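There is one chain below, alone, in structure tokens, taken in the form deposited in one PDB entry.
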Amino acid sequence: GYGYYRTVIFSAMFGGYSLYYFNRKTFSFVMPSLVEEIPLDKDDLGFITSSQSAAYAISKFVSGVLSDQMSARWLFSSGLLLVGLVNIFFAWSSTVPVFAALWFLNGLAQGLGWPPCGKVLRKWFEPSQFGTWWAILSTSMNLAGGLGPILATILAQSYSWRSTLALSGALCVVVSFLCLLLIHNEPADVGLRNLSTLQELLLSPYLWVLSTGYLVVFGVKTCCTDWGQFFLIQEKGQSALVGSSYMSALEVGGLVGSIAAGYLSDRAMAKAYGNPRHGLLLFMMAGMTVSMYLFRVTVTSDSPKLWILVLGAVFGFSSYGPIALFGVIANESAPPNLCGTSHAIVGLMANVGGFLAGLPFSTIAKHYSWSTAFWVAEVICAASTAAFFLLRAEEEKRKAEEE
């Protein structure tokens, strides 16, 4: 069949990338038993996570470029196999430089995992159904992060942490061979109807304007997601429960934002003057700017908890959503032989925006104020969003001048 192989491959990629993000954060999930068995300094823990972050930052770009030419099935399954073998080796090992070297190799394979899912979603799902299944496969990450600490607590209650990571690695080995058996790269590999130069991709201005948009939106995400609790504790007198519930409501709004961004974007593609995935994208960046303004101005010590959770969920709907849409458009606006390169350049701008939003935002927050820092992030977001509204208005004027 056609939809049969579609749902078999999507369930295989769902389970595979679920075990990917389960092993992207397994050390963070198993941290209490590991620090109970052997003492590790917090600088060592931050270094192990930072080595994974640097390896995953490199391996996003390297995996996109290498997933352009190589087959997506073997590359996905080989990465998940390396993930499993790394977690087995992590269960065998008992020291911090070997923990960091193995977790660096895990960061490499975690980067190796996703651009095959992007290539297979592009080959199997038409653009009327590409965004919503992109969104479901990207909230496989959210399901893995939700069932991570729960299964970590269950396996720490029942088993040791050694056997927990050994069973996680063995499960990722078995599911890597199952994703090698189940996933197919294109419908031409079975017998179904299968549905430019790299300099032309790099010299295309739409890739770079999408790149700067993803820079701004992921920087705003990283700013608020890393410093919203600090903005509510230190300046506006909110409790730690309010900041923690703000982050939880922002993540719930982000789940809803990814899913609704994919579905409403595919509804916009189906009902259709430019890319139809922009009418949700720019309206939702404008909603992100409105949520930042309402969160910076109207939140006070006397603000109701319901209103600050509403602003958290509205920002989560409006920041995770445009990032999911930038992933969809970056995989989609490129040619099929260069789509991993486009999504890889977008992930490179994720790394640039994460750097620009982590530490310089803390410096603007330390020297001026927290409100002045989020005002700077709001000025960047509002200026960029108004610039994109001017760009789509200018493109509509150009397309009117064509006809």
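A residue's number is simply how far along the shown sequence it sits, counting from 1.
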Original post:
Between residues given as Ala272 and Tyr273, how many of the deposited sequence are not built: none, 1 to 3, 4 to 9, or 10 or more?
Top reply: 4 to 9
Original post:
Per the record, how many residues of the deposited chain fall between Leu195 and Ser196 without being modelled: none, 1 to 3, 4 to 9, or 10 or more?
Top reply: 10 or more
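Omitted from view is the form deposited in another entry, to which the following refers.
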Subject >> Direction of C-alpha distance change in that other deposited form, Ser51 to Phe355 (at least 3 Å) >> reply: closer
Original post:
Since the CA distance of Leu75 and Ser333 differs by 3 Å or more in that other deposited form, is it closer or farther than in the form displayed?
Top reply: farther
